C-alpha cells in the first residue's frame, strides 16, 4: 500500500459519531478534510485528471486551465504537481493573499483578472486562454465533468456503504458542483440497491435548488457558506436522485462549525457546519430518529482562519 503519487492516496476518510447532535448517536460524519490537499475536492482533482489522461484530452505537454481558486483549485494544484502538469488558475486580483501564497506554494501559474470583473472576469479569461491555443490548454470544467460524480460513485459512496455495514439510511451533503451527493446517491441506491434518503443542503440565502423544485422564481443571493450555493443548478447535480432539500442560514452554519470544534473536537469548515445543522434537524424528527444519518464534512478548519468561522 505505497501510492505511486499523492493523487492515488485520495479517500478512505473516516466516519465519526457525533455526541452533541442527533438522537442516540444517529448522526455520523465523514471527514473529507482528511485527503491530500485537505478537502473532498482532492477526489475530483485526481479523477478529472486521470479521466482526461485515459481519454487522451490531457497528455504530456498540455497545460490545465480552470477558473477557480477554491478547494478545486487547490486539489488540481496538488494533482498537477504530483503528475507533472503546468496549471494555470484564473481568479480575481482581489483574492486572499493567503490563497495566493498557498496556490503559489503549490506551483500554480496565477492569472489575476480584473477585480471589478471578478468571477465573471475569471471564467472568461479561462475561456480566452484556452481559445488562444486549444491544442495546448484543457479546461476540466468541474461543474459539468462526469468524472466529478463518478469518483464519488466509485470511492466516497462505497466507503460509506462499507463503514456502515450497509446501515446508512440518510446521506446529507451540501451542494457546490453537486458531485458528492450525485455520486454517493448513485452508488448506494443503484449499485448497492438501498432506498436511502438523499438530502441536498443549500444556503437559505441562495436556495436555488428549493426554488427550482418548487417551480418558484430562482433568486440567488450572497451568503458565507463557502463551497456551496453557487447560485445555479450545476449539471453535476442529478436532481433525479435528490429526495429532500434542506436550507441552512450562514450564522447557523458558522455556529454549528464552532460547536463541531469546541464540543466534538472535529476541525471542520463552514460548509461542514451547514451540513450538520441540516442533519441535526432531520435527526430530531421522529421519522428519522431510528435511522443512521451520514453527513459529508467537505473541509477542515484551518482553511477558514481568515474568515467569519473565527
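Positions refer to the first chain, counted from 1.
Taking the mean C-alpha B-factor of each stretch as recorded, 111-119 and 89-97 are not equal, and the higher mean is that of 111-119. In this entry, the higher average B-factor at the C-alpha atoms falls on 58-66, of the pair 58-66 and 35-43.
When the Cα B-factors of 189, 152, 224, 219 are read from the PDB record, 219 comes out highest. Which of 228, 199, 204, 138 has the largest Cα B-factor in the deposited entry comes down to 138. In this PDB entry, the Cα temperature factor of residue 18 sits in the middle third of its chain's modelled residues. Ranked within its chain, residue 12 lands in the middle third, by CA B factor from the PDB record. In the deposited entry, the Cα temperature factor of residue 73 sits in the bottom third of values across the chain's modelled residues.
Sorting the modelled residues of the chain by their CA temperature factor places residue 234 in the middle third. Split the chain's modelled residues into thirds by C-alpha temperature factor. Residue 168 is in the middle one.
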